[PDB]
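Everything below belongs to upload-v8.cif, which stores mmCIF, C-alpha atoms and all ligand atoms.
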```
data_coords
loop_
_atom_site.label_atom_id
_atom_site.label_comp_id
_atom_site.auth_asym_id
_atom_site.auth_seq_id
_atom_site.Cartn_x
_atom_site.Cartn_y
_atom_site.Cartn_z
CA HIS A 1 155.63 36.88 119.90
CA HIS A 2 157.81 39.75 121.33
CA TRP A 3 159.53 39.68 124.78
CA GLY A 4 157.73 40.79 127.93
CA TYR A 5 156.84 39.69 131.43
CA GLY A 6 154.00 37.15 130.80
CA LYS A 7 154.13 33.29 131.18
CA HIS A 8 154.82 32.84 127.50
CA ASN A 9 157.31 35.71 126.88
CA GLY A 10 158.89 36.46 130.30
CA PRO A 11 162.48 36.34 131.52
CA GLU A 12 162.84 32.48 131.34
CA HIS A 13 162.19 32.80 127.53
CA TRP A 14 164.49 35.76 126.70
CA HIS A 15 167.62 33.56 126.09
CA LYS A 16 166.02 32.22 122.85
CA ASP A 17 166.21 35.61 121.09
CA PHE A 18 169.01 37.09 123.32
CA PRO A 19 171.50 34.29 124.20
CA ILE A 20 173.55 36.79 126.32
CA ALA A 21 170.70 36.27 128.86
CA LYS A 22 172.89 33.30 130.08
CA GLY A 23 176.14 35.36 130.00
CA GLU A 24 178.84 36.05 132.58
CA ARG A 25 177.77 39.57 133.75
CA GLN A 26 173.94 39.59 133.79
CA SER A 27 171.79 41.81 136.03
CA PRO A 28 170.11 42.10 138.40
CA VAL A 29 171.78 40.12 141.22
CA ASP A 30 171.19 39.44 144.90
CA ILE A 31 173.39 41.67 147.11
CA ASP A 32 174.66 39.51 149.95
CA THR A 33 175.48 42.21 152.53
CA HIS A 34 177.85 39.87 154.46
CA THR A 35 179.94 39.03 151.31
CA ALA A 36 180.09 42.56 149.77
CA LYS A 37 183.45 44.12 150.69
CA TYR A 38 183.97 47.73 151.80
CA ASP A 39 186.35 49.27 149.25
CA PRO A 40 188.04 52.34 150.81
CA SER A 41 189.35 53.35 147.31
CA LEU A 42 185.84 54.03 145.93
CA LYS A 43 184.89 57.72 145.78
CA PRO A 44 181.79 59.55 146.86
CA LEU A 45 179.36 59.59 144.08
CA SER A 46 178.79 62.93 142.34
CA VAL A 47 175.14 63.30 141.26
CA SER A 48 174.87 66.66 139.38
CA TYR A 49 171.19 67.10 138.42
CA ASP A 50 170.85 70.92 138.99
CA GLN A 51 170.74 71.58 135.16
CA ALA A 52 168.62 68.47 134.25
CA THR A 53 166.09 69.06 131.44
CA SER A 54 163.29 66.48 131.42
CA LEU A 55 161.28 66.47 128.15
CA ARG A 56 158.72 63.69 127.91
CA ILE A 57 157.21 60.62 129.57
CA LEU A 58 156.55 57.53 127.41
CA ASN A 59 154.76 54.24 128.05
CA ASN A 60 156.92 51.84 126.00
CA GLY A 61 154.86 48.72 126.78
CA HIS A 62 157.43 47.52 129.38
CA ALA A 63 157.61 50.50 131.79
CA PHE A 64 157.41 54.26 131.53
CA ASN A 65 160.49 56.33 130.76
CA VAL A 66 161.02 59.92 131.84
CA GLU A 67 163.30 61.20 129.07
CA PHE A 68 165.93 63.95 129.40
CA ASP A 69 167.80 66.23 126.99
CA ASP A 70 171.18 64.42 126.80
CA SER A 71 172.52 66.50 123.81
CA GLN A 72 174.93 68.31 126.26
CA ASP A 73 176.38 67.56 129.79
CA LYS A 74 173.39 68.91 131.89
CA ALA A 75 172.50 66.05 134.31
CA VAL A 76 175.59 63.87 134.91
CA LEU A 77 176.83 61.12 137.21
CA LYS A 78 180.57 61.01 138.05
CA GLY A 79 182.79 59.65 140.79
CA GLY A 80 182.14 56.57 142.84
CA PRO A 81 183.47 53.63 140.77
CA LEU A 82 183.28 55.61 137.51
CA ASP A 83 185.97 57.15 135.32
CA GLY A 84 184.69 60.16 133.30
CA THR A 85 181.29 61.59 132.78
CA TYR A 86 177.94 59.82 132.33
CA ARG A 87 174.90 61.78 130.99
CA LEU A 88 171.36 61.05 132.25
CA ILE A 89 169.20 59.84 129.32
CA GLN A 90 166.09 58.48 131.13
CA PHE A 91 164.72 57.03 134.30
CA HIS A 92 162.12 54.33 134.79
CA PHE A 93 160.88 51.90 137.44
CA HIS A 94 160.22 48.22 137.88
CA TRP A 95 157.41 47.25 140.29
CA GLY A 96 155.21 44.44 141.52
CA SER A 97 151.55 43.41 141.65
CA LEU A 98 151.79 43.61 145.51
CA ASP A 99 154.27 45.32 147.84
CA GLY A 100 156.26 42.05 148.59
CA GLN A 101 157.87 42.06 145.13
CA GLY A 102 158.87 44.43 142.34
CA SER A 103 162.60 45.18 142.72
CA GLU A 104 165.18 43.67 140.39
CA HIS A 105 168.12 43.70 142.74
CA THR A 106 167.53 42.05 146.13
CA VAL A 107 169.31 42.60 149.42
CA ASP A 108 169.95 39.36 151.35
CA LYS A 109 167.10 37.96 149.14
CA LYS A 110 164.72 40.77 150.27
CA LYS A 111 162.55 42.12 147.44
CA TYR A 112 161.45 45.75 147.59
CA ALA A 113 158.11 47.00 146.21
CA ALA A 114 159.84 48.71 143.30
CA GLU A 115 163.20 49.88 141.95
CA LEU A 116 164.08 53.17 140.21
CA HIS A 117 166.77 53.13 137.52
CA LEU A 118 168.44 56.36 136.41
CA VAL A 119 170.25 55.41 133.19
CA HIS A 120 173.35 57.32 132.12
CA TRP A 121 175.80 56.88 129.20
CA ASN A 122 179.57 57.47 129.06
CA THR A 123 180.23 60.65 127.04
CA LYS A 124 183.60 59.27 125.79
CA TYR A 125 181.56 57.10 123.31
CA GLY A 126 179.66 60.10 121.82
CA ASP A 127 176.12 58.59 121.73
CA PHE A 128 174.04 56.05 123.65
CA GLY A 129 174.02 53.49 120.79
CA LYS A 130 177.84 53.41 120.74
CA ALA A 131 178.04 53.36 124.54
CA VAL A 132 175.94 50.15 124.90
CA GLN A 133 178.56 48.31 122.82
CA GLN A 134 181.26 48.96 125.47
CA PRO A 135 181.86 47.29 128.87
CA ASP A 136 181.99 50.70 130.59
CA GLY A 137 179.32 52.34 128.39
CA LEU A 138 176.49 52.85 130.92
CA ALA A 139 176.09 53.66 134.61
CA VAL A 140 172.72 52.87 136.16
CA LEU A 141 171.88 54.32 139.55
CA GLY A 142 169.40 52.00 141.25
CA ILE A 143 167.19 53.11 144.16
CA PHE A 144 164.83 50.82 146.06
CA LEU A 145 161.26 51.84 146.88
CA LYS A 146 159.43 50.74 150.03
CA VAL A 147 155.80 51.50 150.79
CA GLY A 148 155.16 53.87 153.70
CA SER A 149 155.09 57.68 153.65
CA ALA A 150 154.48 59.45 150.30
CA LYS A 151 157.47 60.69 148.27
CA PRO A 152 156.53 64.33 147.45
CA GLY A 153 158.98 64.46 144.50
CA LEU A 154 157.30 61.41 142.87
CA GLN A 155 153.74 62.90 142.77
CA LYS A 156 154.20 64.85 139.46
CA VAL A 157 155.10 61.48 137.89
CA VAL A 158 152.10 59.68 139.48
CA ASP A 159 149.67 62.39 138.34
CA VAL A 160 150.62 62.16 134.60
CA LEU A 161 150.26 58.33 134.40
CA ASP A 162 146.48 58.51 133.54
CA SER A 163 147.54 60.33 130.30
CA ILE A 164 149.97 57.51 129.25
CA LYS A 165 147.92 54.47 130.20
CA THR A 166 148.72 52.37 127.14
CA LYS A 167 151.74 51.35 125.06
CA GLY A 168 153.03 54.08 122.74
CA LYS A 169 151.38 56.96 124.55
CA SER A 170 153.58 59.87 125.61
CA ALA A 171 153.10 63.26 127.29
CA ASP A 172 155.07 66.46 127.68
CA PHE A 173 157.06 66.18 130.96
CA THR A 174 159.18 69.32 131.23
CA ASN A 175 160.73 70.84 134.32
CA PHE A 176 160.79 67.61 136.44
CA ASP A 177 163.62 67.59 139.01
CA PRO A 178 164.99 64.06 139.57
CA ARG A 179 166.82 65.24 142.76
CA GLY A 180 163.38 64.79 144.42
CA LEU A 181 163.66 61.00 143.92
CA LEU A 182 166.97 60.50 145.84
CA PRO A 183 167.32 59.29 149.43
CA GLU A 184 169.37 61.25 152.02
CA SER A 185 172.44 58.92 151.82
CA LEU A 186 174.42 58.14 148.66
CA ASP A 187 176.07 55.04 150.28
CA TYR A 188 176.08 52.34 147.56
CA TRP A 189 177.01 48.90 146.33
CA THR A 190 178.65 48.54 142.89
CA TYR A 191 179.33 45.69 140.46
CA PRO A 192 179.70 45.14 136.71
CA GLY A 193 176.53 43.97 134.99
CA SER A 194 173.99 44.36 132.23
CA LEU A 195 170.78 45.90 131.04
CA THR A 196 167.93 44.01 132.76
CA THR A 197 165.73 43.97 129.61
CA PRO A 198 166.53 42.79 126.11
CA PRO A 199 168.99 43.31 124.55
CA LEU A 200 170.62 42.47 127.94
CA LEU A 201 173.93 44.03 126.88
CA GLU A 202 176.84 43.68 129.31
CA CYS A 203 177.66 47.39 129.34
CA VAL A 204 176.54 48.62 132.80
CA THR A 205 178.37 49.71 135.91
CA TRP A 206 175.65 49.23 138.56
CA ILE A 207 175.49 51.63 141.49
CA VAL A 208 172.74 50.52 143.90
CA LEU A 209 171.95 52.83 146.81
CA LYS A 210 171.69 51.21 150.25
CA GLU A 211 168.95 53.61 151.49
CA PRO A 212 165.51 53.04 149.99
CA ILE A 213 163.03 55.85 149.34
CA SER A 214 159.54 55.65 150.83
CA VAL A 215 156.51 56.02 148.56
CA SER A 216 152.83 55.75 149.54
CA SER A 217 150.53 52.83 148.80
CA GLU A 218 148.43 55.32 146.75
CA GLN A 219 151.50 56.24 144.64
CA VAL A 220 152.43 52.60 143.74
CA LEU A 221 148.73 51.74 143.19
CA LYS A 222 148.76 54.29 140.34
CA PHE A 223 151.84 52.61 138.79
CA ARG A 224 149.83 49.36 138.80
CA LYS A 225 146.95 50.98 136.78
CA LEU A 226 149.20 51.37 133.72
CA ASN A 227 148.79 48.92 130.81
CA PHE A 228 151.30 46.77 128.91
CA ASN A 229 148.81 46.70 126.01
CA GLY A 230 148.05 49.33 123.44
CA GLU A 231 144.88 51.44 123.24
CA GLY A 232 141.68 49.41 122.67
CA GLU A 233 143.47 46.00 123.17
CA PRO A 234 142.55 43.60 126.02
CA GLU A 235 143.74 45.11 129.31
CA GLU A 236 146.92 43.67 130.77
CA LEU A 237 147.92 45.63 133.84
CA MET A 238 151.55 46.77 133.88
CA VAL A 239 152.71 44.91 137.02
CA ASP A 240 155.62 42.56 137.76
CA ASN A 241 157.85 44.16 135.09
CA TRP A 242 161.02 42.94 136.92
CA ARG A 243 163.69 40.41 135.97
CA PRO A 244 164.70 38.12 138.85
CA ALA A 245 168.26 37.84 140.28
CA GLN A 246 170.82 36.24 137.93
CA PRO A 247 173.97 34.25 138.82
CA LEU A 248 176.80 36.40 140.21
CA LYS A 249 179.49 34.16 138.59
CA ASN A 250 183.00 35.65 138.77
CA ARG A 251 181.92 39.03 140.19
CA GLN A 252 182.58 41.03 143.37
CA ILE A 253 180.04 43.47 144.79
CA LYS A 254 181.89 46.33 146.50
CA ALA A 255 180.42 48.62 149.22
CA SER A 256 181.20 52.36 149.49
CA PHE A 257 180.55 52.22 153.28
CA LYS A 258 181.88 50.19 156.27
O1 LIG A 301 166.29 50.81 130.34
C1 LIG A 301 166.20 49.59 130.18
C2 LIG A 301 165.74 48.66 131.29
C3 LIG A 301 166.90 48.48 132.24
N1 LIG A 301 168.13 48.06 131.92
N2 LIG A 301 168.84 48.08 133.04
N3 LIG A 301 168.09 48.48 134.03
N4 LIG A 301 166.86 48.72 133.51
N5 LIG A 301 166.56 48.98 129.04
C4 LIG A 301 166.99 49.53 127.82
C5 LIG A 301 167.37 50.85 127.67
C6 LIG A 301 167.75 51.32 126.42
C7 LIG A 301 167.75 50.49 125.33
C8 LIG A 301 167.38 49.18 125.48
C9 LIG A 301 167.00 48.68 126.71
ZN ZN A 302 165.48 49.23 134.72
#
```
Once more with this new file: its structure as structure tokens, please.
Amino acid sequence: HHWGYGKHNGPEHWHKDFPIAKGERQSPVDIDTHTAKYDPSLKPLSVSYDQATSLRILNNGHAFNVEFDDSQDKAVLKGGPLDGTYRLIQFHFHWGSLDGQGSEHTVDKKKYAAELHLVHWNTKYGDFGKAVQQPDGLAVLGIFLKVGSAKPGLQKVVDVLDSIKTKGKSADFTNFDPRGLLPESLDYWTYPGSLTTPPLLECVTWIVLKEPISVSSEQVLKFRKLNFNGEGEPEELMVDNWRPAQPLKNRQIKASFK
């Protein structure tokens, strides 16, 4: 009886195994655009993905992760609200059964069709496992997806999903350039939060881009053909793998833009 996104094991149940689910800095949250304050002291974000080395794509039963070589400072996030250097370890998405839901963060209660998370860890803690134990251990860059025009840089991802249909399957996924997943603008909102899956650790500086990327209906349809289940088990389509908005509590969302 492991955690997931079904009626019997979904987000409303997670607190039983992970009591931090009811903590003071849980993610995601609704971004109230009229309450978020422009902070003129934030910096431009520095996304340095020229030297990124993707390795593999894995269906973990919750989502699919595109994994990077994080054994040196190749693909790093710096600047914005961050102090020091955060190394890209993986990206993944959360998405819906239909285009009216799927994102984890919301914007004035609007849900996007999906949300991309590029997960990075603070190199001052030496490894990812040590970083998740610290309040400034991770930086997650979140990007909303809307359905419209195709995203050319997403198609290599879409076209490998047939090969990782079920839980525990992986495929070689070298030479993928994550720069092709970014919008034009790096304007962002930031706040202190958590991982949005168990273990829900309160170790993330969230950086959520204002500008969504457009993907095609055909692209997201292929996401929705993945399976939560393992090979040969009853089919459970991998859809609605998002945690809803959590209480903001004693937190301020800051905007990089006026
Ligand atoms: O990547 C996620 C999902 C997520 N968290 N925050 N946004 N997405 N979780 C996770 C990563 C490493 C180890 C344990 C859990
Ligand atoms: Zn995520």
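Distance-wise, atom CA of residue A:78 and atom CA of residue A:46 end up 5.0 Å apart.
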Can you pull out every residue with an atom within 7 Å of ligand ZN 302 (chain A)? Use only C-alpha atoms and all ligand atoms and format it as an NGL selection string. :A and (92-94 or 116-117 or 196)
Residues within 6 Å of (167.3, 52.5, 145.7), counting only C-alpha atoms, listed as a ChimeraX atom specification: /A:142-144,209,212
Return as an MDAnalysis selection string every polymer residue, whether protein, DNA or RNA, with at least one atom no more than 7 Å from an atom of ligand LIG 301 (chain A); count only C-alpha atoms and all ligand atoms. chainID A and resid 117 119 140 194:199
I want to know what sits within 10 Å of residue A:97, based on all atoms listed in the file, with residues of the same chain fewer than 5 positions away left out; could you give that as a PyMOL selection string? chain A and resi 102+113-114+220-221+223-224+237-241
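Taking atom CA of residue A:186 and atom CA of residue A:98 as the two end points, the separation is 27.1 Å.
The space separating atom CA of residue A:248 from atom CA of residue A:82 comes to 20.5 Å.
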What's the 10 Å shell around residue A:244, counting all atoms listed in the file, without same-chain residues fewer than 3 positions away, as JSON, numbers by chain? {"A": [11, 12, 27, 28, 29, 30, 102, 103, 104, 105, 106, 111, 196, 241]}
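At a cut-off of 12 Å from (173.0, 74.3, 139.7), the residue set is residues 47, 48, 49, 50, 51, 52, 53, 74, 75, 76, 177 and 179 of chain A (counting only C-alpha atoms).
Each of A:8, A:249, A:110, A:120 was compared to residue A:68 using only C-alpha atoms, and A:120 turns out to be the nearest.
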Do you know which residues are at most 8 Å from residue A:230 counting only C-alpha atoms, after dropping those on the same chain fewer than 3 positions away, and could you put them as an MDAnalysis selection string? chainID A and resid 61 166:168 227 233
If you count all atoms listed in the file, the residue of A:253, A:118, A:215, A:164 closest to residue A:88 turns out to be A:118
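Closest approach to residue A:66 among A:156, A:258, A:222, A:210 is made by A:156 (distances from all atoms listed in the file).
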Extract, using only C-alpha atoms, all DNA, RNA and protein residues at most 8 Å from residue A:204, discarding same-chain residues fewer than 6 positions from it, and format them as a VMD selection string. chain A and resid 135 to 140 192 to 195
Please produce an output containing C-alpha atoms for each residue in the selection, written as a tab-separated table (two decimals), in the frame of the given file.
```
chain	number	residue	atom	x	y	z
A	135	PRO	CA	181.86	47.29	128.87
A	136	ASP	CA	181.99	50.70	130.59
A	137	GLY	CA	179.32	52.34	128.39
A	138	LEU	CA	176.49	52.85	130.92
A	139	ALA	CA	176.09	53.66	134.61
A	140	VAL	CA	172.72	52.87	136.16
A	192	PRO	CA	179.70	45.14	136.71
A	193	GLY	CA	176.53	43.97	134.99
A	194	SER	CA	173.99	44.36	132.23
A	195	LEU	CA	170.78	45.90	131.04
```
For stretch 107-131 of chain A, supply N, CA, C and O atoms and report the output as a short mmCIF file (atom, residue, chain, number, x, y, z; two decimals), in the frame of the given file.
```
data_model
loop_
_atom_site.label_atom_id
_atom_site.label_comp_id
_atom_site.auth_asym_id
_atom_site.auth_seq_id
_atom_site.Cartn_x
_atom_site.Cartn_y
_atom_site.Cartn_z
N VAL A 107 168.32 42.35 148.37
CA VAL A 107 169.31 42.60 149.42
C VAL A 107 169.13 41.48 150.43
O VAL A 107 168.11 41.41 151.08
N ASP A 108 170.10 40.58 150.53
CA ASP A 108 169.95 39.36 151.35
C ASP A 108 168.61 38.67 151.02
O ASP A 108 167.90 38.24 151.97
N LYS A 109 168.31 38.59 149.73
CA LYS A 109 167.10 37.96 149.14
C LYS A 109 165.83 38.77 149.40
O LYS A 109 164.76 38.37 148.88
N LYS A 110 165.90 39.91 150.08
CA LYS A 110 164.72 40.77 150.27
C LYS A 110 164.38 41.43 148.95
O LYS A 110 165.26 42.07 148.35
N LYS A 111 163.11 41.37 148.59
CA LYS A 111 162.55 42.12 147.44
C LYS A 111 161.85 43.38 147.95
O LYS A 111 161.04 43.29 148.89
N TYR A 112 162.16 44.50 147.33
CA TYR A 112 161.45 45.75 147.59
C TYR A 112 160.23 45.84 146.68
O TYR A 112 160.07 45.10 145.71
N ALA A 113 159.36 46.78 147.00
CA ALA A 113 158.11 47.00 146.21
C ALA A 113 158.39 47.49 144.79
O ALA A 113 157.60 47.25 143.87
N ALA A 114 159.50 48.18 144.62
CA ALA A 114 159.84 48.71 143.30
C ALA A 114 161.32 49.11 143.32
O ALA A 114 161.97 49.13 144.39
N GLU A 115 161.81 49.45 142.15
CA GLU A 115 163.20 49.88 141.95
C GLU A 115 163.22 50.94 140.85
O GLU A 115 162.68 50.72 139.75
N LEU A 116 163.85 52.05 141.15
CA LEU A 116 164.08 53.17 140.21
C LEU A 116 165.46 53.03 139.61
O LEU A 116 166.43 52.80 140.33
N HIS A 117 165.53 53.15 138.28
CA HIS A 117 166.77 53.13 137.52
C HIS A 117 166.94 54.46 136.80
O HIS A 117 166.12 54.79 135.91
N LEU A 118 168.01 55.17 137.13
CA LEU A 118 168.44 56.36 136.41
C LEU A 118 169.60 55.98 135.51
O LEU A 118 170.65 55.52 135.98
N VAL A 119 169.36 56.00 134.22
CA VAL A 119 170.25 55.41 133.19
C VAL A 119 171.10 56.55 132.63
O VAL A 119 170.57 57.55 132.15
N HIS A 120 172.39 56.31 132.60
CA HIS A 120 173.35 57.32 132.12
C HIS A 120 174.36 56.69 131.17
O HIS A 120 174.73 55.52 131.36
N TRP A 121 174.83 57.42 130.17
CA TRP A 121 175.80 56.88 129.20
C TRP A 121 177.11 57.66 129.24
O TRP A 121 177.12 58.90 129.48
N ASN A 122 178.20 56.95 128.99
CA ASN A 122 179.57 57.47 129.06
C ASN A 122 179.84 58.38 127.85
O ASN A 122 179.82 57.92 126.69
N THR A 123 180.11 59.65 128.13
CA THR A 123 180.23 60.65 127.04
C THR A 123 181.48 60.39 126.19
O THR A 123 181.54 60.86 125.06
N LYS A 124 182.43 59.50 126.64
CA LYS A 124 183.60 59.27 125.79
C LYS A 124 183.19 58.46 124.55
O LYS A 124 184.01 58.38 123.65
N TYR A 125 182.00 57.85 124.50
CA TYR A 125 181.56 57.10 123.31
C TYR A 125 180.63 57.94 122.42
O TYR A 125 180.19 57.43 121.40
N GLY A 126 180.34 59.19 122.77
CA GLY A 126 179.66 60.10 121.82
C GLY A 126 178.14 59.97 121.72
O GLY A 126 177.45 61.02 121.66
N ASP A 127 177.59 58.77 121.70
CA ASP A 127 176.12 58.59 121.73
C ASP A 127 175.78 57.30 122.46
O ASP A 127 176.65 56.40 122.64
N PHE A 128 174.52 57.18 122.84
CA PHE A 128 174.04 56.05 123.65
C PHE A 128 174.22 54.75 122.88
O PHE A 128 174.62 53.72 123.47
N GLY A 129 173.89 54.72 121.59
CA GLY A 129 174.02 53.49 120.79
C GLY A 129 175.45 52.96 120.72
O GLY A 129 175.63 51.72 120.65
N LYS A 130 176.45 53.83 120.73
CA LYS A 130 177.84 53.41 120.74
C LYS A 130 178.22 52.96 122.15
O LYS A 130 178.96 51.99 122.36
N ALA A 131 177.71 53.67 123.14
CA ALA A 131 178.04 53.36 124.54
C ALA A 131 177.58 51.95 124.91
O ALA A 131 178.30 51.27 125.66
#
```
